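Close look at the chain arrangement
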Amino acid sequence: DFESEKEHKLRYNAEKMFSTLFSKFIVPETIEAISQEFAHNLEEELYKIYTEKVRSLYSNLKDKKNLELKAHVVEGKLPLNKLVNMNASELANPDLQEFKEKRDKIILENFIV
Amino acid sequence: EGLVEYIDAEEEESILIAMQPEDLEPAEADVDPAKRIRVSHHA
Amino acid sequence: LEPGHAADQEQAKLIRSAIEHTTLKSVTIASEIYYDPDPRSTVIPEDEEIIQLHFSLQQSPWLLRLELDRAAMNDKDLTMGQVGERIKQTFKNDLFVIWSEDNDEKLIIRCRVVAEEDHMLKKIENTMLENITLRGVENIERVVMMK
Amino acid sequence: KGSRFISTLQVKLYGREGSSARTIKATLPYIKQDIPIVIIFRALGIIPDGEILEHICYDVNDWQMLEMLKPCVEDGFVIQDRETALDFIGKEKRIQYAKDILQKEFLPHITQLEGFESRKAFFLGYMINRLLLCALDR
Amino acid sequence: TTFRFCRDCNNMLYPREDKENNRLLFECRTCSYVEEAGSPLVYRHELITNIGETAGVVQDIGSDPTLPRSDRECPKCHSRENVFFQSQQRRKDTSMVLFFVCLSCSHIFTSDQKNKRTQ
Amino acid sequence: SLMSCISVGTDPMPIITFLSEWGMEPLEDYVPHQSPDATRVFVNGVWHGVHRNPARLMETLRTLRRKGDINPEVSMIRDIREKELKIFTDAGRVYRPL
Amino acid sequence: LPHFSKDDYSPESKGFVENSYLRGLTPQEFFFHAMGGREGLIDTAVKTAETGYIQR
Amino acid sequence: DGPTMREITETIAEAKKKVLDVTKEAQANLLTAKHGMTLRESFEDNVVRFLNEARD
Ligand SMILES: [Zn+2]
Ligand SMILES: [Zn+2]
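A count of helical and extended segments in chain H gives 2 helices and 0 strands. For chain H, whose C-alpha radius of gyration is 14 Å, the value lies well above the compact-globule estimate of 10 Å for 56 residues. Across its three principal directions, the C-alpha atoms of chain H cover 45 × 20 × 10 Å. Taken across its 56 residues, chain H has 32% of its residues classed as buried.

Structure, rendered in structure tokens:
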């Protein structure tokens, strides 16, 4: 009975997360080259593993401000639902997208023997 | 007089020895082939 | 390797970390205990905002914060969410988890529980590292690849 | 040049690596039990914990060293003055047993006589120093 | 970690929680003395040990002829007359990394181009 | 070995006498935290007390051995990376000349 | 060896011989040859006896 | 034969250079430690390889 009372409470809490985020992604692409409507139409675009995929959508997208050189180069690169259920590894910071590949280049080298 | 010392094996832990009083002793400034290939005076 | 995929390089690349025994001991640098009497607010500044994220979207006065190594984690290829849900389903409903994600540089997993708890929380970290298996079958250690 | 009193002394560090209990104990020649170093120091005059703790740590700033002595205090926390420390051995009876064994069977090298409670218990502290140090890997 | 003792009897400090003011207090059971939680940190683990790299560092480190002298230029005094030793952390895992202790000023520095150790 | 010869041990007191006369802090009245760096001094593995300046006393002992005074079989060693002096006068040590 | 510098993982240091038996080994190149040969006398006595029980 | 005996101390010398390579690599922690191998072990295992590759 309180199922969709927790479900809509999340699909709208994620809209609230994307409300302050599409305001921080806007101000970064303005102070250096509404948003809540662009949020509830994208927080419903995913809407357990749901509190996990959301937990992941939270810190990975709200990646700012040096992490918003990879999250700003995604706000000005990625498509609508055609970038949505991506859950990318390198999705983090401009520097974190590469250091993750720097400890991976020896992770296969040390492994193969 | 102080021209020689008797060294116990635990005392050896802070001593530094040269193999020969000349072979490993001065400083560099022809070369014998069949002769042994030893290290150096470095220290 | 499984009948079909004989020369498949990537097949062994999955089975390897899926068979190799990973511990919380492997991925952890230091496990600390603080005194945070409030469930919501965290007196830790190195965690001050980390909470406000995985919170908004009754509970123990004794905090169990532990730092992780980014290379040692992204060695068996890991997520803080993986580690987080792993421990979550280990203790289950008696201990609740919060963490900083892979985006956040301060690699932390904060933990609490539900008279006397200084010794009882200090007791937990013992079983936590040694017994919490994270990846692969136990005993089966050094998984090395051969062509 | 007197017989060769082969009274070999053990100082053990109980509890594994997972078994947190880093209770430091020691095998007493004659008292058939591994007495925790806390009862020992207290049976030589060093009664307060922090004085006991200064005999081991030749510093003060090493938390890594003091967190291991930390449960060892709790080990003997119940016993305190020399009168109690000397009783947990083997009253009126073990009062003598312990007293003489400390002079005789315990660390006969340095002093066997009496009055070197200090010299012998300072040595015990050094024995645990290099003991915790090997577990610390330095 | 940082722990003190009783300012009356010198005994291990035992945590006791004032649940009325929700403050930690480190007290001596051996008496009734209590002090407050300066550092609300109770315990630090440190599975990955990074305090054991510069053990046995005396100014008199140059008075062990056994240790060989360096040629690297020091960052604050530029001395190419120093001395060096491999990590005094007896952990088998530890990489053979060098620490150059000066004799003209005793300003220790890493041979490292991976792990910078400024302490 | 041909060149090697084993000790029959000597007297520890002329060194007990010496160490104290050159600055041996009593073990009985040594402050472990006050004097941290104090280089620990042992005679045949027996701890007698500490000293404040090691390289100084260490230079003094070495002379007596090469003078004839501290018996020439006696072996004294200063550890820097630990701050210690396990002076040996022990019976049965194997010594080789250099 | 006490003839070496503290922390020497060098070729000759950890026991390598560059000379042939002809040329004649150095004092060091000879001592390192003693210890490695030492093992090859112990294991002889050991396994020749254990093997004896293994035949039985 | 004369120059072959000279060439031998060239083979041991080139591998002695292949020794300092790993020696310098290990000092600045640039060594890519293999799977199921300690960093201390990694250098030793490889330093032995070139010394014995050239010994042969
Ligand atoms: Zn008290
Ligand atoms: Zn300098």
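On to the overall build of chain D, then. Tallying secondary structure elements over chain D gives 6 helices and 3 strands in all. Its helices and strands in sequence order give chain D the pattern β-β-β-α-α-α-α-α-α, from N to C terminus. For 138 residues, the compact-globule formula gives about 14 Å, and the C-alpha radius of gyration of chain D, at 15 Å, lands near that figure. Viewed in the frame of its principal axes, chain D has a C-alpha envelope of about 40 × 35 × 25 Å. Expressed as a percentage of the 138 residues in chain D, the buried residues total 54%. Counting only carbon and sulfur atoms, one obtains 53% of the accessible surface of chain D, whose full area is about 7000 Å². Of the side-chain charges in chain D, 19 are positive and 19 negative, and the distance between the mean point of each set is 8 Å.

Ring centres 5.9 Å apart and planes at 65° place the aromatic pair D:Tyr58 and F:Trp47 in the edge-to-face group. Highlighted residues: D:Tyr58 in the loop between α2 (52-56) and α3 (63-76) and F:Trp47 in strand β4 (residues 46-51), drawn from two different chains. Connected via pairs of aromatic rings, a cluster forms that spans D:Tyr58, D:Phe122, D:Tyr126, F:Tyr30, F:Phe42 and F:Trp47. The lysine or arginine in question, D:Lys70, covers the ring of E:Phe3, its NZ or CZ lying 4.7 Å from the ring centre.

Glancing now at the pattern of salt bridges. Between C:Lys106 and C:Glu67 there is a salt bridge; the shortest N-O distance is 2.8 Å. Of this pair, C:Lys106 sits in the loop between β4 (97-99) and β5 (108-111) while C:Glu67 sits in strand β3 (residues 62-68), and the two are 39 residues apart along the sequence. For D:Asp49, the salt bridge identified is with D:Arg42, shortest N-O distance 2.8 Å.

With 18 residues of chain C in contact, the opposing surface of chain E contributes 16 residues. For the side of chain C that touches chain E, the secondary structure elements donating two or more residues are β2 (28-35) and α6 (118-131) of chain C. The biggest single contributor to the side of chain C that touches chain E is β2(C), with 8 residues. Its residues placed into classes, the side of chain C that touches chain E shows 10 nonpolar, 2 polar and 6 charged.

Our next topic: the interface of chain E and chain G. Bring the parts together and some accessible area is lost; that lost area is often taken as the interface size. Listed by partner, the interface residues are 7 residues for chain E and 4 residues for chain G. Residues belonging to the side of chain E that touches chain G are distributed by class as follows: 4 nonpolar, 2 polar and 1 charged.

Here we come to the sheet that holds strand β6 (residues 84-87) of chain F. Residues and elements named next belong to chain F. Taken together, the 5 strands give an open sheet; going across it, the order is β2-β4-β3-β6-β5, and neighbouring strands pair in mixed fashion. A single partner strand is all that each edge strand has here, and the edge strands are β2 (25-26) and β5 (78-79). Of the strand pairs in this sheet, β5 and β6 are connected by 2 bridges, and their pairing is antiparallel. In the sheet register, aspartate 79 faces β6, and the bridge partner there is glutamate 84.

Another point: the packing of helix α1 (residues 2-27) of chain H against helix α2 (residues 39-55) of chain H. Residues and elements named next belong to chain H. Interaxial distance between α1 and α2 falls to 8 Å at its minimum, and their mutual angle equals 170°. Between α1 and α2, the angle is such that the two are roughly antiparallel. Taking contact as the criterion, the partners of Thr11, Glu14, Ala15, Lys18, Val19, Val22, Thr23 and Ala26 in α1 are, on α2, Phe43, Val47, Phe50, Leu51, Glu53 and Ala54. Grouping the constituent residues of the contact of α1 with α2 by class yields 9 nonpolar, 2 polar and 3 charged.

This part is about the environment of D:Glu51. Within the secondary structure, D:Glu51 is located in the loop between α1 (37-42) and α2. Once the C-alpha coordinates of D:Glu51 and D:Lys12 are considered, the two residues, 39 residues apart in sequence, prove to be 21 Å apart.

Here the focus is unusual backbone geometry. Most peptide bonds are trans, and most residues other than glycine sit at a negative phi. With an omega of 0°, the peptide bond running from A:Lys64 to A:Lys65 counts as cis. Note that A:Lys65 resides in the loop between α5 (50-61) and α6 (96-102). Although it is not a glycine, H:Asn29 adopts a positive phi angle of roughly 55°. Tracing the chain through its elements places H:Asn29 in the loop between α1 and α2.

All names here are of chain A. Direction vectors running N to C along helix α1 (residues 4-11) and helix α2 (residues 13-21) enclose 10°, while the axes themselves pass 3 Å from each other. Put simply, α1 runs roughly parallel to α2. Seen from α1, the contacting residues are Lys9, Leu10 and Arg11; seen from α2, they are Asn13, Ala14 and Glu15. Class assignment for the residues of the contact of α1 with α2 results in 2 nonpolar, 1 polar and 3 charged.

Turning our eyes to something else, we now look at the pairing of β4(F). All names here are of chain F. As defined by bridge partners, β2 adjoins β4 across 2 bridges and the pair is classed as antiparallel. In the sheet register, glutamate 25 faces β4, and the bridge partner there is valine 50. The sheet contact formed by strand β3 (residues 39-43) and β4 spans 5 bridges and is antiparallel. What sits directly across from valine 41, in β4, is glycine 49. Joining the antiparallel neighbours β3 and β4 is a turn of 2 residues, in which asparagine 44 adopts a positive phi near 65°.

Calculation notes
- Residues numbered from 1 in each chain as written, not as in the entry; some residues may be left out.
- Chains lettered and ligands numbered in written order.
- Part of a larger assembly, values for the part shown.
- Heavy atoms only, no water.
- Residues with missing side-chain atoms left out of burial classes, pairs and counts.
- Helix = DSSP H or I, 4+ residues; strand = E, 2+ residues; numbered from the N terminus.
- Rg over C-alpha atoms; globule rule 2.2 N^0.38 Å.
- Buried < 20%, exposed > 50% of the residue type's maximum accessible area, 1.4 Å probe, protein only.
- Areas by Shrake-Rupley, 256 points an atom, 1.4 Å probe, with all protein chains shown as cover.
- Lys, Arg positive; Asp, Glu negative; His and termini not counted.
- Charge placed at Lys NZ, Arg CZ, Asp CG, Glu CD.
- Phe/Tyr/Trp six-rings, centres within 6.5 Å; stacked < 30°, edge-to-face > 60°.
- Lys NZ or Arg CZ within 6 Å of the ring centre and 35° of its normal.
- Salt bridge = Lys/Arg side-chain N within 4 Å of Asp/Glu carboxyl O.
- Contact = heavy atoms within 4.5 Å.
- Nonpolar A, V, L, I, M, F, W, Y, C, P; charged D, E, K, R; others polar.
- Pairing = 2+ DSSP bridges.
- Axes fitted to C-alpha atoms, helices over the stretch in contact; angles between N-to-C directions.
- Parallel < 35°, antiparallel > 145°, perpendicular 65-115°, else oblique.

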